Amino acid sequence: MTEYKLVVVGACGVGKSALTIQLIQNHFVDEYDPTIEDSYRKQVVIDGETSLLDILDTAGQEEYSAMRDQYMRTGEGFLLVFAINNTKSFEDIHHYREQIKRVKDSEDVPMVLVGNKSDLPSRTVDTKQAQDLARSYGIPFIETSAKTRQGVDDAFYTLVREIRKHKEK
Ligand SMILES: *CCC(=O)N1CCN(c2nc(O[C@H](C)CN(C)C)nc3c2CCN(c2cc(O)cc4ccccc24)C3)CC1
Ligand SMILES: Nc1nc2c(ncn2[C@@H]2O[C@H](COP(=O)(O)OP(=O)(O)O)[C@@H](O)[C@H]2O)c(=O)[nH]1
Ligand SMILES: [Mg+2]
């Protein structure tokens, strides 16, 4: 069975755990322990292909042991998650671009930019700024809400399609 290793990165509180549990269980979590980093499995059909998604929900401490590098390096594609109400989380995306390029030793790593919490009225990051950033990176941008499930399937399935594009090269 085809398997895709996805890694969900981004600042505390952007909704990485909530997006992951939405994808898997179709339920929105109000509280998800921010100390729990682990990989989940979900069988999906995308464009007619049955596959297993292995989803690393990143969490815990920001630390850079060789073991942590190796966990992140297993990723075939990365969801770059910020929250539309958190400017700092948006400013953190550049850091994640640098660390993914470092561990994958590549300027061609499958990635999707995800603007989460699209349901909140307290926007501080304009859609235009996120679209411009994703364009500059050559990657898709998806607006999501883990609360309403807006965009959740599209974010993960688009990442799988980016990995397929890479595998073709
Ligand atoms: C609230 C808990 C949580 O979800 N997480 C804690 C913060 N974590 C990371 N944060 C950052 O940078 C933050 C957003 C901004 N800082 C203050 C500059 N960077 C990382 C993590 C987890 C570890 N990440 C990491 C580590 C190694 O060794 C290698 C690679 C390679 C590619 C991507 C990340 C990465 C960096 C996690 C979330
Ligand atoms: N309103 C709203 N709240 C969300 C959304 N995604 C996550 N949250 C909430 O934001 C908080 C942080 O979510 P979590 O998934 O723990 O973020 P993580 O630290 O990135 O794993 C939790 O209270 C969630 O219920 C979203 O799209 N909309
Ligand atoms: Mg979490």
Side-chain angles (χ1 to χ4, degrees), residues 4-42 53-127 130 133 137 139 141-159 162-163 166:
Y4 295 97
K5 303 192 152 73
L6 315 187
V7 181
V8 188
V9 306
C12 287
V14 299
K16 302 179 300 297
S17 299
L19 286 167
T20 300
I21 293 298
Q22 253 304 357
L23 178 75
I24 295 179
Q25 294 189 351
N26 182 41
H27 166 247
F28 174 63
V29 298
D30 298 308
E31 189 178 4
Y32 188 110
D33 190 333
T35 72
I36 304 183
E37 173 166 294
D38 199 9
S39 293
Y40 298 86
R41 298 269 279 225
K42 180 64 175 178
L53 309 187
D54 188 342
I55 307 167
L56 177 46
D57 178 24
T58 68
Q61 296 292 289
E62 178 182 357
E63 55 81 27
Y64 294 89
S65 72
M67 185 177 297
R68 196 79 173 282
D69 275 3
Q70 191 43 58
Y71 273 113
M72 302 300 155
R73 182 178 295 118
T74 67
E76 294 173 283
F78 295 80
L79 280 193
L80 308 179
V81 189
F82 73 92
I84 60 115
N85 67 328
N86 179 345
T87 296
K88 181 62 162 70
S89 75
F90 184 70
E91 293 168 349
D92 289 333
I93 296 298
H94 169 79
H95 154 66
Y96 283 112
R97 290 275 291 177
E98 296 273 8
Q99 292 305 313
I100 294 163
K101 177 182 169 167
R102 184 178 63 80
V103 296
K104 302 296 291 175
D105 185 19
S106 173
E107 292 217 304
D108 186 29
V109 179
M111 297 183 219
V112 171
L113 185 65
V114 170
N116 192 45
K117 313 201 178 184
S118 288
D119 58 287
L120 294 182
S122 50
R123 180 177 289 273
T124 61
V125 184
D126 315 305
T127 296
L133 187 63
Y137 289 172
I139 70 180
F141 172 59
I142 311 290
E143 300 182 57
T144 69
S145 171
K147 176 171 190 209
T148 69
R149 217 169 188 277
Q150 181 188 348
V152 174
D153 290 341
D154 196 17
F156 285 97
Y157 289 14
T158 298
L159 184 52
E162 293 297 296
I163 291 168
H166 182 257

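One-based numbering, in listed order, for ligands and for the atoms of each. We count residues from 1, following the sequence as given. Because only heavy atoms are used, hydrogens play no part in the values below, and waters and symmetry mates are left out as well, while side chains stay in.
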Report yes if [X] has an N/O atom closer than 3.5 Å to an N/O atom of ligand 1; otherwise report no.
X      : value
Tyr96  : yes
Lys16  : yes
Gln99  : no
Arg102 : no
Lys88  : no

Heavy-atom donor-acceptor pair, [X] side chain to [Y] backbone, under 3.5 Å:
X      : Y      : answer
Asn116 : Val14  : yes
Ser122 : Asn85  : no
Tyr4   : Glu76  : no
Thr144 : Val152 : no
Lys16  : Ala11  : yes
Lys117 : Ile84  : no

Original post:
Out of curiosity, is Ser118 lining ligand 2, as in a heavy atom under 4.0 Å away?
Top reply: no
Original post:
How about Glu98 and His94: does a side-chain donor come under 3.5 Å of a side-chain acceptor?
Top reply: yes
Looking at [X], which atoms of ligand 2 are within less than 4.0 Å of one of its heavy atoms?
X      : result
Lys147 : 1 (N), 2 (C), 26 (C), 27 (O), 28 (N)
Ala11  : 20 (O)
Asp30  : 22 (C), 23 (O), 24 (C), 25 (O)
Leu120 : 1 (N)
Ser17  : 15 (O), 21 (O)

Of all the non-hydrogen atoms in the protein, which one sits nearest to [atom], and at what distance?
atom                    : result
atom 3 (N) of ligand 2  : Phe28 CZ, 3.7 Å
atom 6 (N) of ligand 2  : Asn116 ND2, 3.1 Å
atom 27 (O) of ligand 2 : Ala146 N, 2.8 Å
atom 13 (O) of ligand 2 : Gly15 CA, 3.8 Å
atom 11 (C) of ligand 2 : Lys117 NZ, 4.1 Å
atom 16 (O) of ligand 2 : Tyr32 O, 3.7 Å
atom 12 (C) of ligand 2 : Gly13 O, 3.6 Å

Find all atoms of ligand 1 within a distance of less than 4.0 Å from any non-hydrogen atom belonging to [X], and give their numbers and elements.
X      : value
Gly10  : 38 (C)
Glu63  : 23 (C), 26 (C), 28 (O)
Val103 : 31 (C)
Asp92  : 14 (C), 15 (C)
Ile100 : 32 (C)

**OP:** Identify whether the distance between the nearest side-chain nitrogen and carboxylate oxygen of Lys104 and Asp108 falls below 4.0 Å.
**Re:** no
**OP:** Return yes when atom CD of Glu63 has more than 12 non-hydrogen atoms of other residues, nucleotides or ligands closer than 6.0 Å, and no otherwise.
**Re:** yes
Original post:
CD of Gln70: more than 12 outside heavy atoms within 6.0 angstrom?
Top reply: yes
Original post:
Among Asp57, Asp119, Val152, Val29, which one has a heavy atom closest to atom 25 (O) of ligand 2?
Top reply: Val29
**OP:** Can you label the angle between the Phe141 ring and the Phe82 ring as parallel, tilted or perpendicular, going by 30° and 60°?
**Re:** parallel
Subject >> From CD (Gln150) to CG (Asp119), nearest 0.5 Å >> reply: 8.0 Å
Original post:
Between OG1 of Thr58 and CG of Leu79, what distance do you get to the nearest 0.5 Å?
Top reply: 10.0 Å
Subject >> Heavy-atom side-chain proximity of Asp54 to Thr74 below 4.5 angstrom >> reply: no
Subject >> Under-4.0 Å heavy-atom contact with ligand 2, by part of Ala18 that carries it >> reply: both
Original post:
Do any heavy atoms of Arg73 fall under 4.0 Å from ligand 1?
Top reply: no
**OP:** Give a yes/no on ligand 1: does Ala66 have at least one heavy atom closer than 4.0 angstrom to it?
**Re:** no
Original post:
Of the backbone and side-chain N, O or S atoms of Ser17, does one lie nearer to the Mg ion (ligand 3) than 2.8 Å?
Top reply: yes
**OP:** Run through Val8, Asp57, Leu56 and flag the one making a side chain to side chain contact (heavy atoms under 4.5 Å, CB included) with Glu37.
**Re:** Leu56
